[PDB]
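Worksheet: one structure, shown below.
We did not get these values from a lab; they are worked out from the coordinates using the rules stated. With ideal geometry, Cβ positions are generated from the backbone for all residues, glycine too; neighbour counts draw on all protein chains shown.
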Amino acid sequence: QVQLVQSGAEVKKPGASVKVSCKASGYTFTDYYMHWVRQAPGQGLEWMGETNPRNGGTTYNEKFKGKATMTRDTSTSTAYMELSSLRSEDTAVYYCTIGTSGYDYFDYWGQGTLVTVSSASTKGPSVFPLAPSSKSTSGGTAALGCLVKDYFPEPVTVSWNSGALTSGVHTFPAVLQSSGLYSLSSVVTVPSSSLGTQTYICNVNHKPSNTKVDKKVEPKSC
Amino acid sequence: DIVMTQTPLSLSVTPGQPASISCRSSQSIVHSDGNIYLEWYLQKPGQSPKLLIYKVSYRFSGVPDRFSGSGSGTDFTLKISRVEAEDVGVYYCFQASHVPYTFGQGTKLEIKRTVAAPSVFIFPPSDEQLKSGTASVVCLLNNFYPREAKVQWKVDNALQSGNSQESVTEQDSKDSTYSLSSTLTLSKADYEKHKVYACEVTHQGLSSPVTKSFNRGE
Ligand SMILES: Cn1c(CNc2ccc(C(=N)N)cc2)nc2cc(C(=O)N(CCC(=O)O)c3ccccn3)ccc21
């Protein structure tokens, strides 16, 4: 029931500032310290600091002090982490986490906010169906999918039939095109016998532009 | 800061095998209260980390029986009694005894399952994309093992170069396999120059390569 609701994604120019939110639900906000954790390529996982939900003070990891400003809003039960004068090295996933048994462990985490530091404009994707046909069958099985092409920046999340289809689902890591834009694909193996009764919809979410796309993948008569 | 060093960086074990991961702290991690706040977290790609072990040896609630932890002074070990497909990901050790709290660099766990040949599927460009002036052909290699699988795009048997992108999944947490998506993208004008579009698949589990193809316009 405890949920930490995060911003998802943020795109910012270098030198700009970003305020990452973490909305607390399913518990009394003032009961637990809020933590911020960075996951960046190379540096990896790093604890940034803990914010006291009572006095509102933060105990920082010296490395992030000044650079990151960690606050706690009791009127909206939201904790915030503000990164000032963004540089390309700041591109990372930012997690908010809490511990429910004193200072023993981090049992609850947010989904993470992917902050991209870039001068380039946000670009929503194209969503093309990868229709099942005679060319995509393997002994009673039919493969189908969605090609999520030409977006910027990361991430894109994909689900099938609003999360109801997960068995045999493969969402591929994004590839970086020669244009600087990203592309990914998401596939599912389903019975070939049920192509005439089931509807398969890929639910595409380009987090940085908040573009939600529900694309029906209809069978091909080829 | 306390440096947390994990060994090995990559662990590969066969199904039915135990798994051990070492975590070395560059300094003592005894909190002022006398306890050691050493934790273990499992992270799957594009998922938040999940708590396994806390305070060196205590198994977190809801964590499977097979997981356990130990260690003394600066030496710490994460143990899996028998690896399950659901165990793949990156294991991180973490100290919360001294500020700033620090994580290990992580250990990637891989299941060395029985060789599995890929099932090959091909998708011609959709009718929708063709209206845009671009044509993408997709070749899918599904549920194979090991991850080393080669894709060769052929247009009328002429080996293609410079216009394709591919991506491999993380190891599957149900059957310990990998899947690979390869996309050949050409302008509509370049697409309409060739007839036989084929992806030739080479893999350890395939005695001879698998070629999936279609004729453009068929
Ligand atoms: C340093 N610090 C943190 C930071 N969180 C943290 C989480 C996880 C981890 C970790 N991963 N090991 C490491 C640190 N939480 C703390 C809880 C207490 C505490 O005992 N109480 C009880 C007293 C009361 O009922 O108020 C408490 C509870 C809520 C608010 C204030 N005080 C003391 C000190 C604490």
For the charge dipole of the protein assembly as shown, defined by +1 on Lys and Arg C-beta atoms and -1 on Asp and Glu C-beta atoms about the Cα centroid, which residue among B:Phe94, A:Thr113, B:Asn143 has the Cα displaced farthest towards the positive pole? B:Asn143
Rounded to the nearest 0.05, what FRET efficiency do B:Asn157 and B:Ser70 have when you use their Cβ-Cβ distance and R0 = 60 Å? 0.55
When each of A:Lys216/B:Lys44; B:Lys108/B:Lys212; A:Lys12/A:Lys212; A:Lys207/B:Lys44 is checked by Cα-Cα distance, pairs over 30 Å: B:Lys108/B:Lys212
Each residue of A:170-178 has, on average, a number of other protein chain C-beta atoms within 10 Å of its C-beta equal to 6
Using only the Cα atoms of the range B:113-216, build the gyration tensor, take square roots of its eigenvalues as a ≥ b ≥ c, and label the shape rounded, prolate or oblate: rounded if a/c is under 1.5, else prolate if a/b is larger than b/c, else oblate. prolate
Using modelled amide H (1.01 Å from N, peptide plane; none on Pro or chain starts), what sits under 5 Å from the amide H of B:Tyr58, excluding residues fewer than 5 places away? none
For chain A, with a Gaussian network of springs between Cα atoms less than 10 Å apart, report the residue from A:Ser178, A:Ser88, A:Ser133 with the top mean-square fluctuation. A:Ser178
To the nearest whole number, what is the average tally of beta carbon atoms from other chains within 10 Å of the beta carbons of peptide A:99-109? 6
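Given the pairs A:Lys135/A:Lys215; A:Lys19/B:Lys50; A:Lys13/A:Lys123; A:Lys135/A:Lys220, which are separated by over 19 angstrom at their Cα positions?
In this structure, A:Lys135/A:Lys215; A:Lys19/B:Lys50 lie more than 19 Å apart at Cα.
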Between the range A:1-29 and the range B:9-45, the Cα center-to-center distance that results, in Å: 29 Å
Relative contact order (percent) for chain A, with alpha-carbon contacts under 8 angstrom and 6 or more residues of separation? 19 percent
Which ordering of B:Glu39, B:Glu110, B:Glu128 is given by a fewest-first count of other beta-carbon atoms within 10 Å? B:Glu128, B:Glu110, B:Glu39
Please work out the Cα center distance from the range A:106-148 to the range A:175-197, rounded to the nearest Å. 7 Å
If you put +1 on each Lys and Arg Cβ and -1 on each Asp and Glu Cβ, how big is the dipole of the range B:1-112 around its Cα centre, in Debye rounded to 20? 180 debye
Would you work out the relative contact order for the range B:1-112, in percent, from Cα pairs under 8 angstrom that are 6 or more residues apart? 38 percent
³J(HN,Hα), Karplus 6.51/-1.76/1.60, whole Hz, each residue of the range B:169-180, x for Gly, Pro: 6, 6, 5, 5, 8, 10, 10, 6, 9, 10, 10, 10
Per-residue HN-Hα couplings for the range A:177-182 [Karplus 6.51, -1.76, 1.60; θ = phi - 60°; Hz; x = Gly/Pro]: 6, 5, 8, x, 8, 9
Of B:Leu206, B:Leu42, B:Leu78, the most mobile residue in a GNM of chain B (C-alpha springs, cutoff 10 Å) is B:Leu206
If you consider only alpha-carbon coordinates, what radius of gyration and Dmax does the range A:88-222 have, in Å? 18.1, 61
Let me spell out the model: positive unit charges on the Cβ of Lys and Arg, negative unit charges on the Cβ of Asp and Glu, origin at the Cα centre of the protein assembly as shown. What dipole size does that give, in debye rounded to 20? 580 debye
Going residue by residue through the range B:107-120, the Karplus relation 6.51 cos²θ - 1.76 cosθ + 1.60 with θ = phi - 60° gives ³J(HN,Hα) values, rounded to whole Hz and with x marking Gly or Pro, of 10, 7, 9, 10, 8, 8, 6, 4, 3, 10, 6, x, 8, 10
Average partner coverage of B:142-150, which counts Cβ from other chains inside 10 Å: 1
Scoring chain B by relative contact order with C-alpha pairs under 8 Å, at least six apart, yields a percentage of 19 percent
Largest fluctuation, A:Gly163, A:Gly49, A:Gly99 only, Gaussian network model of chain A with Cα springs under 10 angstrom, belongs to A:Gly163
